[PDB]
Every structure is written in C-alpha cells, then in structure tokens.
Ligand SMILES: O=C(O)[C@H]1CN[C@H](O)[C@@H](O)[C@H]1O
Ligand SMILES: O=C(O)[C@H]1CN[C@H](O)[C@@H](O)[C@H]1O
C-alpha cells in the first residue's frame, strides 16, 4: 500500500492532532458493543499523544493492562480545505487500532510500528469540528508481529505472555495528523541511485504513481536544477555527483509534479546518491569497504515508554556523535521515521529491522514445536511478509537504510525454520533488490547448529560469551568467541556484523575484582570483544547492546529492567561510555581498526 | 497588554510551529551586525522547540553559554488564511526574544515566562513559505526579573552570575504558533465571579474589548445557555460552584459582530470566590487547608521545556499523594498547567519571576535598594512582571492568590517603600484575589517589615536543616515559638510555602541523620506535629515536588535534593509518609488538635 511521508508543499498542508486526548480503559470489553465512539468517552482522563499509555499515570494496574483502551478528541478541519483531498494518518498505533471519524469507521490496522491513513474527505466538512475516536489493542498472539500468548486465568482476567526482552508498551506512540493533497496527487515514488565504480558519475532511476502527467527535477543542496525528466518512469544522469557518504549525508531533492488539465501536486523527495553492495566478506558503500560502529537501540525512556519525542532524539544523537558511533539498528521494530530523516541528513548508517522478534521459545507452558499449526504457521508467515512489505514501503527511499533485518533471534534448530524463512527472504529481495538482507542470529544457533543464515547476505551475530555462558571468565570467553567467529567466516564467507555484545552493568557498582555487574567488568569485557574483532577479517561491524538501560517485563534476570546500557535510562554515562569514545573516535572514520 | 489564550473556534484557526528548528550560538556577538535573519543560519544544528537549549546537546560549553543564540525555521501559511488577521505568538522565550519574518522585525520581549505576539498579516502571503528567525538572549542584570550580574572575562566570553537556587535554563521553553482572527475580533475579556454567602446564588461580571458589537452567552457543562447580555452582569440560580478537588466549569462564548465579519471566543469560567477572614483562607465562604508543593519547571534533557507526558505524569503523582495545591515557584508556569488545574479543581498560588532580591542566601552591591542595584527602574520591570502575569491568568479560577516576590531580603534600607507601590498596584490590576509575598528563612517575626502590606503570610522555614542542624528537638521548639510569634504579630492566615531537607535517594541510616531518607521522614513529621498545633497555619507546601538542577556549588550535590521524588520521578520514602497524612485527612480541612 502506497505510503509517502507527508511534507508541507505549495500543494499540500498538514495539521498535527498531537496533544491531550481523552482516555479510558475498557476492562469489560463492551466499547465496540456500546459503540463508545458515538458520544464522549464516559469515565475518561487526559493522556498525552504521542506516548505509551502504560507509564503516564504511575499506576501498576494501567501499566500491566491487557485489552482495549480508547483515545478521543475533537478537531476543527481547516476552513479553506474545501475541495481538497483530506487524509487522516497515524504514524503508529501499538499494536492494533480502529478509528472512527464521528460515527463512520474509516481505518483499521495491525502492526504497532508503521503508519496507516484513509481519505476522510466524505466524512468531514471544512470549517467544522469532528470527533476522532480510536480503539487501541495491545494483545499479541501467534499471528501478530511480534508473537505472544494471551493467558486467560479462571476469572477471565487476561495476562500477556511474550518471548522478547523489552516491555510490551502500547498506545499512540507517534504523531497523528490530518493532511491534504489536490484530487490529482503523487501517491508513490521509488528512487534507485546507481553509482559508477570510479564514483565520478551516477544515474538516478525514478518510478512514480499519480493520477496525472508526471514530471521531476533533481536539485542539488544549492537549489541548482542538475537534471529533469518526463513521465511515470525513467533515469536522470548526474555527472560529478555529490555522493551521500557516511558521516556527511549530502542530499539532493527530487521534486515530483503530478499535473492534470485543472490542478497540480508537488512532492519533494530527499535523495542520497549512494550504492550498497556485499562483495565477499566486505560491506561496500559507494564502492569502499565500511566498518559499522555504534548500537542496538530501543524506543524507550522514563514516563513516555516508546513515545516519539524531539528533545530525546536531539539528545541521543548528540550522545551517538560524541561517542563516535557511525551506525545503529532499529532493534527490534521499525523506528519513528523522523529517526531515518535525521540519519539521511547527518549521514548515519542504519540497519532497518521488522518487529519480528520472539520466534524462539528457548530464551526463558509454551507450545512444543515452534513451527506448527498451534504456533508459527502459514498465517504467521503471511503476517510476517506483510510486516516486511509495510517496512520497505515506508523506508525504500531513505539512503541512511543500507540493509533490511527481517527478524531478530529466531530458533533455527527445528526443521521448519528453513521452510518458514526461505520464502520471506526471497520475497524481501523482490520488494527491494537494492539492499542486502539479514536475519539477526541468536547465540545458541551457533555456526554448527543454525539452518538459515546461508539464505541472507550479511551475518548479524548477537554474542554474550562471558555473560550467559563462561560467566565472568574473559579467558575462556575470548577462546570461544574467536573460534565461533572464524567458524562462521569458513562456513559462509559473508561479512559479519556483531549486532549485539554487552553485559548488565549497575551504574555505580564498582569492584577491584572486575566481576559481573560492575562498571569495571563492562569495560574489560567490551575490551576483550574488541581485540577478538580486530583479529577476524570477516568482522565489518560492532554494535554494542544497548545504547541505554530500558524496561522489560519483571523477572529474576532483570534488575528493574535490562541494564546492558552504555548510558542509564536518564542518559548518564557508565565508565564504558568513555572506553567506546576512545576506540570509536580514535579509529579512522568507517575503517576496520588494527591491533 | 491584551492576552487571550489562543483556542480554535469557527472563526479562529491555529498552526503550531513546535518541532526541530535550526540553532546556532553567536560567540562573536556579530549576528545583528551581519543581520543573520536575512539568510539561513550558518553552521547550525537541529534543536527541539519547545525546550531549554542547555541540556539538549550533552555539551558543557553550550550548557554554560552566556549571550545570544539564534533559532530559525521556514513555515507555509495556510492558503485559507488570505483576508484574515494572522498573529505570530511565542508562549515564552527565556529571557529575551527579538523576531524577524523574512527580513522584517515584528516584536521584542523581556520576561522569560509570559507570552508575546504581533499581527504579521502585512509581511506574510497565505500559501507561501516564510522564514522565522529569533535572537534569544539569556543574560540577567539588575533590571531583569529575576536579577543577576554578567562578568566578561579576559577574552570577551561572558560568565553569568545569579542569586536564585535554580539553574539559569534559557531558549524557547513553550509553544510557538501562527493563529488567525477575523479583521473583527475579541481582543480581551475580564470576568469576576461573586458568590452570595448562602452559596445558592452567584453573579458573573464581564468586560470585553472588541472592534465590533459584543454579545455574550454562558453555557453550563451540558451546553445549556443559562444567561445572555450585550460590559454587564449575568445572574445564576443554584449555580454549579467551582470547588477545590472537582472544578465545575461554565463556558462564556463572546461574539464580536461587524455587518461584514463575526468572531466567537469561548472562555472557561469557574463560579468561585476567595477571601481571608481573620486567620482563615476562604474559597466559596469555606475554610480551606492547602496541601502539596513548591514545584519547578525542571526535567532531564529538556530543562524548563513544556512537555505533555511530564504534565500528565506529575499531576498523576500529586493526585496519588493527595496534593490539592501548589505554588508556581518561582516564575509563571506554562498556561497548560492552569488550564489543567481549572479542569481538575487544583488550587494555585501564581508567582512572578521576581526571586533573589537578596544578597545573603548561600564583589556584590553593599546596598540592595540603590542606583547600583534594585533601583526604581527595577521596581518598574517588577511591576511590568506583575502586570503581564495578571494579564495572562486574571481569569483562571485555579489561581487563588498572587505572589509578587519570593524570598526578598527585608533588612536593607527602604524595603517597604520599594514594595508598598507594588502591593497597591497589584490590587488595582486585580482586586478579586488576595496578594502575598514569600518570607525568607532569616527574615523572622521581629526582622520583617513588609508582612503587614499583604493578606496571607507565606513562610519558607528550614529549622533542623540550615540551623539547629540535625537536631529535631531544638528545631521543633524554635519552629513552634516562631509560628506563635507570627500569629500574635499579624493574626493573618499562615501558609508554609516551603519546608524541605536535602535527601539523597538510597541513603539509609540507623542514626536518622542529615541527607538520609529516614531524616526526611522524621523531619517532615515534626513540622507536621507543630503545624497542627497552630490555628493560624492554613497551608503546608513541601519543598520541593522533585529534585531539580542548580548552578554548581559545595551546597548542591548534583542539584537541589529536597525533592519528595527524584528528577526521574521515583519516590523517596517521604512520598509514602505524605500520602498517609494528605489522603488519611479530610479534603481541604486542617487536622485535629
Ligand atoms: O540482553 C539481552 O540478553 C539481549 C539478548 N538478545 C536480544 O536480541 C536482545 O533483545 C536482548 O534481550
Ligand atoms: O532549597 C532551598 O534551600 C530553598 C530555600 N528557599 C528558596 O525559595 C528555594 O528556591 C530554595 O533555594
């Protein structure tokens, strides 16, 4: 389904619906029955949008709730939008949302992390107030991405189980907006940027969907039109192009114009002229080997759960720049698109990942066979392929995105894993031939055990030697780590990114014994992993788990959450922060370090 | 001087300008000479609006920067706005803003904490993109509210010094926005809300400033019209009284009719009255007992920046702990907080940025009230600060009292003659609510001169902390003795507007000694036992709701640690001690004995 990022243009207006909404639980599950969307939510309180609903109220009972919740506000449609295509859009509703404009149901979506939107024109009058009601469901089952099991106790009270290591935050996490186009409008663009080997010339393929004649012009940073073309498709030539390079991010603008006899639409699409290719064991960007540094992240912070926030984005990017990070992965769900707009503009390299985590009952009563009709089945695979389609639909034109991760840490031991994953790998490549693909690999599915990694282009490993196994023993951990990395190099001859390596670290726990949970062990352990990486030629990246401490469901393994942060959840540095800064700022930009 | 909260109506639209702006420092103070507003800011970076610029970048050199900073962004004016009045409004810029539209200067403001707007219709074209540049200055001198002193070191690099115990956060802390009116518009409203002793009747006065034919209607909560007029009084049988802890709201719709154009503006109204009666604070002719906090506009990363989730959460916590009230220590808060307190029936002491009129808290002018310090030109700004606050909040039923200064020194030469003209000029700017002045720790019953000019006595006390340190026994006697001495002197209502001790979350002690969680509990306990045994005390506002940032010093362990909650909003044991007292008692009534 076509999904361009709304942008204000001579032909296009946006009105944000972010702010205080009315909010109500639905403990009874009668809000659909009683059509709660007809009148004011009856027992309601104020809530911030965007935000997770769970932590806004300092209330355990709302935090831990499973079921439906209701959001509602009134909004004036701009007078002067009369005779315009009016769209209502939600950047994200976690995990499921149904929307009513007054009494007309207009939208339904499953998938907590990518946008959905409807033509609401026939259900609103320009200059009049409208009521927008949302039913938001946070329940996971074997056909949701990610999967889960609702457990219903003898009293019929629901309790979400899930297999991923981060809290099941829900609500309207990202901006809600009414926006306009002319009734003739550009509905979809696809740009591919080819780059010659000598880097001295580049072609830009375009493809456009719009109910009118299409023209495009390519403008550089100085606004100088550098190329033009006509019709739904073609190829712009660019001599001596300003390449989009990691650390710089030079953007052109592709102005696409949809022109009927009466009216016209204008969409500016930012373009980074760059190519991305695996070549043996090297990850090439503009024909030059790249070395990833930086983090697995999460969309997580105090009070707002996974809600988008501009101060948080500005602050975290200052921290990643300070520390010398050149890259990250959207672990483990599509991130707010303003993150990909920031990366495009600042030349930050991103591994874009789906919400497909938790396909693994072995990370600790769960179904006996992971790949079966009672768990991951043909429906689950369909839901997964849909998850992949929406992510690529959103993110295909972000030059910051260099690789698709279609899943995180699935159990690949069973016969079934390869039957499930092979067609998803093939479909992903069809949806976007321009980027390499990966499936992030769990520690127990080692080089000798794993049955799917040959189907993907880049080997993305999550390794905790010296933490979950060889606990506290850097000596034995180093031998085991180096042995396995070389066994993967021999097995597949792919580029290897260590997408996770980290240890829980209590900020302020200090030890002369350099033992587990201390700041000092975090430092020694990352240091050991770095020496190993620098001795294996197939290793082309290191992404520390995690940028910051983050919330998980409660358990004996999590001291108030996951403490593998380099920074605390309030973004204060642990000692290891200064260790990463030395290594990452001390290396040459984008180049594998040396002994 | 006319300040109406922009709200959307059939005749009034709004576009928020909040989001990422371009941002630059101006170390070389050459921005105005090079007229930076004429081009895109050079060597800029993204900043979030709203929020302080100081903590967004984890960079000490920006955090501590003194001088001018530049914000810039482009924005499309909506096509349907052609032939309407286009305003540009900043809800707050700390401490000074000057604003250009393309190449045209449109406004200036001094005052970190209140709105300012210009009609920009002539310099914008609906359906075109225009560039908004803002030069924001964070410097404080003896004429700014609040005061400080700038030192230019050996290289022209400024270094700011100030006399208040909260960090000097600056930037565009609140919403920026374009909004429309018809060329005929409502431009101002005042509303007074008399309530007969019986309570079973009430009358609402209304004045309006509009360049067209004024008509008003007052609807109740269910949108049933309940009065009408064409200046005037509306009458109301068995009125729904705005009551603490409920906050019933009516809507005064105010129409401004030309033959050509019409303008509607709804204004929420709470039918309540507030007066002192001897030793009692009275709302709707009932004795009230204030509980809750001195607060701050302070949080991780965003500084004093307004945030929706933070507002929703902090209110959630106050609710849970049983707070009915707070003070806007020590500056006007974001209007949203008062729109909130209006709806939920929270009581608010609304306070000016006038704090640190003092040189003895914890090189500088040897005479506080002099030409080289707090002079007549200072008294003026202070009056201008009092004007702008009442111009914005005169209509909020939550605002139960004005606070015209916090912790002014009262010993130096000619305190009274400085303040007498301000307490007068306050009651003339609005006589509907009592006024107060917050009374610093060392300015005791004998020392203070000024208390007599004000309706309610607001004490900040710290016995057992800054004095009689860690001795709760000696601290109790000295506190009781002093609150009785204050009864005898003024027979006014006594609110403790600050009582708090620095408490390091996780510091546990068997010896119940200073900085421990246990000390915070045993000490608030003692202030509590005294409060109850003194008929004159009609309020207790704990200092502070949460840990907040200060300037660096030997007295501040990473900031002020007097919070009941940490900066990340986690409770200390004292959160549970206050929750028993404040919810175990009766809404708005002093406890027994
Ligand atoms: O902390 C950990 O152990 C890691 C393990 N690997 C998963 O991909 C992460 O979600 C996180 O749970
Ligand atoms: O923490 C303190 O000591 C208090 C004393 N009184 C002031 O009004 C507050 O701003 C704060 O400095």
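Chains as they are written, first to last, in PDB author numbering: chain AAA, -1 to 362, 369 to 599; chain BBB, -1 to 228, 231 to 362, 369 to 599. The beta carbon of each residue, even a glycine, is placed where N, CA and C say it ideally should be.
Give me the Cβ distance between residue i and residue j, rounded to the nearest whole Å; I'm assuming they're in contact under 8 Å.
i	j	result
residue 178 of chain BBB	residue 71 of chain BBB	19 Å between Cβ atoms; not a contact.
residue 262 of chain BBB	residue 7 of chain BBB	So it is not a contact: roughly 10 Å between Cβ atoms.
residue 76 of chain BBB	residue 120 of chain AAA	22 Å between Cβ atoms; not a contact.
residue 244 of chain AAA	residue 153 of chain AAA	Actually they do not touch by this definition, with Cβ atoms about 55 Å apart.
residue 193 of chain BBB	residue 271 of chain BBB	7 Å
residue 129 of chain BBB	residue 100 of chain BBB	6 Å
residue 160 of chain AAA	residue 144 of chain AAA	7 Å
With a CB to CB cut of under 6 Å and the five nearest residues on each side skipped, what residues in its chain are close to residue i?
i	result
residue 171 of chain AAA	48, 90, 92, 304, 305
residue 449 of chain BBB	416
residue 581 of chain AAA	570
residue 615 of chain BBB	Nothing about residue 615 of chain BBB can be read from this structure; chain BBB reaches only from -1 to 599.
residue 163 of chain BBB	556
residue 522 of chain BBB	513, 515
residue 412 of chain AAA	330, 355, 444
residue 346 of chain AAA	404
Taking residue i as the reference, which of the options has the closest Cα?
i	options	result
residue 195 of chain BBB	BBB:286, BBB:108, BBB:115	BBB:286
residue 312 of chain BBB	AAA:516, AAA:300, AAA:475, AAA:373	AAA:300
residue 249 of chain BBB	BBB:501, BBB:572, BBB:344, BBB:588	BBB:344
residue 37 of chain AAA	AAA:402, AAA:240, AAA:522, AAA:132	AAA:132
residue 149 of chain AAA	AAA:371, AAA:383, AAA:473, AAA:381	AAA:371
residue 220 of chain BBB	BBB:251, BBB:320, BBB:189, BBB:495	BBB:251
residue 509 of chain BBB	BBB:422, BBB:86, BBB:573	BBB:573
residue 513 of chain BBB	BBB:524, BBB:505, BBB:507	BBB:524
residue 27 of chain BBB	BBB:347, BBB:332, BBB:15, BBB:156	BBB:156
residue 424 of chain BBB	BBB:554, BBB:380, BBB:498, BBB:412	BBB:380
Distance cutoff 7 Å, beta carbons only. Does residue i sit that close to anything in chain AAA?
i	result
residue 76 of chain BBB	yes
residue 33 of chain BBB	no
residue 369 of chain BBB	no
residue 14 of chain BBB	yes
residue 251 of chain BBB	no
residue 574 of chain BBB	yes
Compare the C-beta of residue i against all C-beta atoms of chain BBB and say whether one is closer than 7 Å.
i	result
residue 46 of chain AAA	yes
residue 176 of chain AAA	no
residue 609 of chain AAA	This structure gives no information on residue 609 of chain AAA, because the portion of chain AAA shown stretches from -1 to 599.
residue 54 of chain AAA	yes
residue 309 of chain AAA	yes
residue 49 of chain AAA	yes
residue 316 of chain AAA	yes
residue 562 of chain AAA	no
residue 301 of chain AAA	yes
residue 6 of chain AAA	yes
residue 595 of chain AAA	no
Just to confirm my understanding: we take residue i, look at its own chain, exclude 5 residues before and 5 after, and list those with CB closer than 7 Å. What are they?
i	result
residue 322 of chain BBB	291, 585, 588, 589
residue 451 of chain AAA	488, 491, 492, 495
residue 475 of chain BBB	520
residue 141 of chain AAA	383, 384, 387
Cutting at 8 Å between CB atoms, please list the residues of its own chain near residue i, excluding the five before and the five after it.
i	result
residue 217 of chain BBB	223, 224, 250, 251, 253
residue 73 of chain AAA	13, 15, 127, 128, 130, 176
| query | Should the segment 286 to 295 of chain BBB be regarded as contacting the segment 541 to 550 of chain BBB, the criterion being three or more beta carbon pairs within less than 8 Å? | reply | Yes, they touch.
| field | Three CB pairs or more closer than 8 Å across the segment 159 to 173 of chain BBB and the segment 250 to 260 of chain BBB | value | The segment 159 to 173 of chain BBB is not in contact with the segment 250 to 260 of chain BBB.
| query | Does the pairing of the segment 404 to 419 of chain BBB with the segment 429 to 447 of chain BBB give three or more beta-carbon distances under 8 Å? | reply | When C-beta atoms of the segment 404 to 419 of chain BBB are compared with those of the segment 429 to 447 of chain BBB, three or more pairs fall below 8 Å, so the two segments count as touching.
| Are three or more beta carbon pairs between the segment 329 to 339 of chain BBB and the segment 381 to 389 of chain BBB nearer than 8 Å? | Segments in contact, no.
| query | Hey, is the segment 50 to 70 of chain AAA in contact with the segment 132 to 142 of chain AAA, meaning 3+ C-beta pairs nearer than 8 Å? | reply | Taking 8 Å as the limit for Cβ pairs, the verdict is that the segment 132 to 142 of chain AAA does touch the segment 50 to 70 of chain AAA.
| query | Given 8 Å as the limit, is there contact between the segment 198 to 214 of chain BBB and the segment 231 to 241 of chain BBB, that is, 3 or more CB pairs closer than that? | reply | The count of Cβ pairs closer than 8 Å, one atom from the segment 198 to 214 of chain BBB and one from the segment 231 to 241 of chain BBB, reaches three, so the stretches are in contact.
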